[PDB]
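Architecture at a glance
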Amino acid sequence: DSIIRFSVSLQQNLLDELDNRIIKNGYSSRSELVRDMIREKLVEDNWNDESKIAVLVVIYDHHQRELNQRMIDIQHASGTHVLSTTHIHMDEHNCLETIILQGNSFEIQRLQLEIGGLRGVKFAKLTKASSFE
Amino acid sequence: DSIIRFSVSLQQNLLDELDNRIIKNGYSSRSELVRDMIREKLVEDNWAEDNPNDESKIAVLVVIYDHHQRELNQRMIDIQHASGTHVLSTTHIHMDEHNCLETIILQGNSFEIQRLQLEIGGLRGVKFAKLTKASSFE
């Protein structure tokens, strides 16, 4: 306990989104909102190298050059095993994909990290479900 | 350059838990992890607060339940039918005798979707019920 402060680096639009939300919801500062976002994401992260089942929801631009190959290459090296996938064409530029996969905590978390950072991927949320053999 | 830096005051207790995930999960920095959490929450916020009555919102419901307990599935279908949402797709994976994992892709306004998730979560035999909000980007 105590209080320590560290610096956070953002691009403009993430900052814009954050400041817009602060103003609408009557939050007092950036420090408070981020603090509450950290404390919440930490708690909701719910899960030994035992294999598990999880769900990865991805939203991306379908006409992006070789993005699918990019995602395939990533999950092939991931060590995870894919069970099922569904592709929803939400929009002209938006594709929703749900992926049911199994692996250990680390591979599954890592798969989300790498898929999230690809250009053309705008959303990549992981739902940790349960132990699974 | 193109990057803005601002300061976050915080409990050492909270800082340590955050630093643990960075090390545990192989994150490059605090900023990248914090950025990612913020961006996830901010997006989900906008999903529920802009055009709240838009019927074209899409979300994914992930449920784990016992499928060999009586009336549970029917009860769940009853609930979905009164929700006012539309099911786009569903997948069931039978994990074992007492556990089934299904993904449901929904469409409706934020209220209907959030009430559906709530009614299904409260069910006896439904062990797990978690919703992801899917939004269209420009």
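Residues numbered from 1 in each chain as written, not as in the entry; some residues may be left out. Chains lettered and ligands numbered in written order. Heavy atoms only, no water. Residues with missing side-chain atoms left out of burial classes, pairs and counts.

Turning to the overall build of chain A, a few remarks are in order. Broken down by element type, chain A carries four helices and five strands. For chain A, the N- to C-terminal ordering of α and β elements is β-α-α-β-α-β-β-α-β. For the C-alpha atoms alone, the extent of chain A along its principal axes is close to 45 × 40 × 20 Å. (Helix = DSSP H or I, 4+ residues; strand = E, 2+ residues; numbered from the N terminus.)

Let us now look at the pairing of strand 2 (residues 58-65) of chain B. Residues and elements named next belong to chain B. Among the eight residues of strand 2, eight are classified as buried, and the element is accordingly described as predominantly covered. Alternating positions in strand 2 separate into two faces, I58, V60, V62 and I64 on one and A59, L61, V63 and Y65 on the other, with burial throughout. Of the strand pairs in this sheet, strand 2 and strand 5 (residues 126-134) are connected by eight bridges, and their pairing is antiparallel. Each residue of the ladder has a partner; that of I64, found in strand 5, is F128. (Buried < 20%, exposed > 50% of the residue type's maximum accessible area, 1.4 Å probe, protein only. Pairing = 2+ DSSP bridges.)

Right, let's get into the interface of chain A and chain B. The interface is formed by 60 residues belonging to chain A together with 58 residues belonging to chain B. Along the lines of polarity and charge, the residues of the side of chain A that touches chain B split into 27 nonpolar, 16 polar and 17 charged. Bridge count for strand 1 (residues 4-10) of chain A against strand 1 (residues 4-10) of chain B is seven bridges, and the pairing is antiparallel. Bridging across to strand 1 of chain B, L10 of chain A finds its partner in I4 of chain B. (Contact = heavy atoms within 4.5 Å. Nonpolar A, V, L, I, M, F, W, Y, C, P; charged D, E, K, R; others polar.)

The next point concerns the domain arrangement of chain A. Split into domains, chain A comes out as domain 1 (10-43) and domain 2 (44-133). Using only C-alpha atoms to locate each centre, domain 1 of chain A and domain 2 of chain A end up separated by 26 Å. (Domains from an automatic or database assignment.)

Structurally, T127 of chain A is set in strand 5 (residues 121-131). Taking the C-alpha atoms as reference points, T127 of chain A and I100 of chain A, 27 residues apart in sequence, are found 9.6 Å from one another. Every residue in contact with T127 of chain A, bar those within four places of it in the chain, is listed here: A54 and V55 of chain A together with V62, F128, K130 and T132 of chain B.

Inspection of the secondary structure assignment puts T132 of chain B in strand 5. A relative accessible area of 1% means that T132 of chain B is categorised as buried. Excluding its chain neighbours within four sequence positions, the residues that come into contact with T132 of chain B are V57, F123, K125 and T127 of chain A together with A59 and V60 of chain B.

Residues and elements named next belong to chain A. Throughout the structure, instances matching the rule amount to 14 salt bridges over all chains. Here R30 and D19 are joined by a salt bridge, their closest N and O atoms 2.9 Å apart. Residue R30 is located in helix 2 (residues 30-44), and its partner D19 is located in helix 1 (residues 12-24); the two are separated by eleven residues in the primary sequence. Its relative accessible area of 32% is what places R30 among the partly exposed residues. (Salt bridge = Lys/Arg side-chain N within 4 Å of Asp/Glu carboxyl O.)

With that out of the way, let us pick up the sheet that holds strand 3 (residues 81-89) of chain A. Residues and elements named next belong to chain A. Across the sheet, four strands lie side by side as 3-4-2-5; this open sheet has antiparallel pairing. Two strands bound the open sheet, and with one partner strand each, they are strand 3 and strand 5. Each strand of the sheet is rotated relative to its neighbour by a mean of 15°, with strand direction disregarded. One ladder, built from nine bridges, connects strand 2 (residues 52-60) with strand 4 (residues 95-103); its direction is antiparallel. Pairing of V55 across the sheet is with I100, part of strand 4. Against the sheet, helix 4 (residues 105-116) engages strand 2, strand 4 and strand 5, with an angle of about 170° to strand 5. (Axes fitted to C-alpha atoms, helices over the stretch in contact; angles between N-to-C directions.)

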